[PDB]
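Undergrad: Handing you this structure, nothing more for now.
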Amino acid sequence: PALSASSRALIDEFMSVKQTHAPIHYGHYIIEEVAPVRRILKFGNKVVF
Amino acid sequence: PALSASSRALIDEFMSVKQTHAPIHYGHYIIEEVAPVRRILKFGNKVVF
Amino acid sequence: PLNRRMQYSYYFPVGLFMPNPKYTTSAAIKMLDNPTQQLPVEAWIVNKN
Amino acid sequence: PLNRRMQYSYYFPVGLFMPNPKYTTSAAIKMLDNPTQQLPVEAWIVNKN
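Chains as they are written, first to last, in the authors' numbering: chain H, 1333 to 1381; chain C, 1333 to 1381; chain R, 396 to 444; chain X, 396 to 444.
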């Protein structure tokens, strides 16, 4: 699976808080990539491994 | 006892925050398993041991 | 002969009803249902994989 | 000959709808749209860069 976010808001809140982000919002959802290559996301200053 | 949750809300709140997830909600409940083997639970990227 | 296979049981309920003076302890989840009337009908189990 | 290349298949959802009894897990996200009727028509991905 690959990174899928229905809204910019969900992916923002994922980037901010890695552990406590909500996977399923009221109608919007997010999918975190599980792939043998682990890439670094550099949105702005904040970074998620 | 084995891992049994009445809805996906409780399993997601267990997976995101381990300690202070509500063991029982208004009408929905959840049980953490207690077994001589201990298994790593993986969801998305988050991992609960 | 020292690769013994160890067997033990598991058990878990489904369909229980909480008493009427209900309570919570998690500030997060907002299930959008009516709180006083909700009842669990199914169970969710985390598989071996 | 040792400089090799690996081929993966990346999997990706778009345009799904969630069941009606909708729930959330995180309180931070705020949307001015009504939660009962929300439907995503797009999908956001992270590019290589």
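Ideal Cβ positions, reconstructed from N, Cα and C, are used throughout, including at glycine.
Please classify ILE1372 (chain C): is it buried, with 16 or more other beta-carbons within 10 angstroms of its beta-carbon, or exposed?
TA: With fewer than 16 other Cβ atoms within 10 Å, it is exposed.
Undergrad: In angstroms, rounded to a whole number, what distance separates the CA positions of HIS1360 (chain H) and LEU434 (chain R)?
TA: 25 Å
Undergrad: Short check: CB of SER421 (chain R) to CB of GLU1345 (chain C), under 8 Å?
TA: yes
Undergrad: Which stretch, first to last residue, makes up the alpha helix (DSSP H) that contains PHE1346 (chain C)?
TA: 1340 to 1348
Undergrad: Out of R:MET426, R:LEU427, R:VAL436, state which residue places its alpha-carbon closest to the alpha-carbon of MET413 (chain R).
TA: Minimum Cα-Cα distance from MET413 (chain R) among the listed residues R:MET426, R:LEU427, R:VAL436 corresponds to R:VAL436.
Undergrad: Listing by chain order, which chain C residues have their CB less than 9 Å from the CB of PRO1368 (chain H)?
TA: What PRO1368 (chain H) touches in chain C: nothing, since even the nearest Cβ is about 13 Å away.
Undergrad: Can the beta-carbon of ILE1356 (chain H) be found closer than 8 Å to that of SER1336 (chain H)?
TA: No, the pair does not count as a contact, with Cβ atoms beyond the cut-off.
Undergrad: Which residues does DSSP list as the beta-bridge partners of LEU1373 (chain H)?
TA: H:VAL1380
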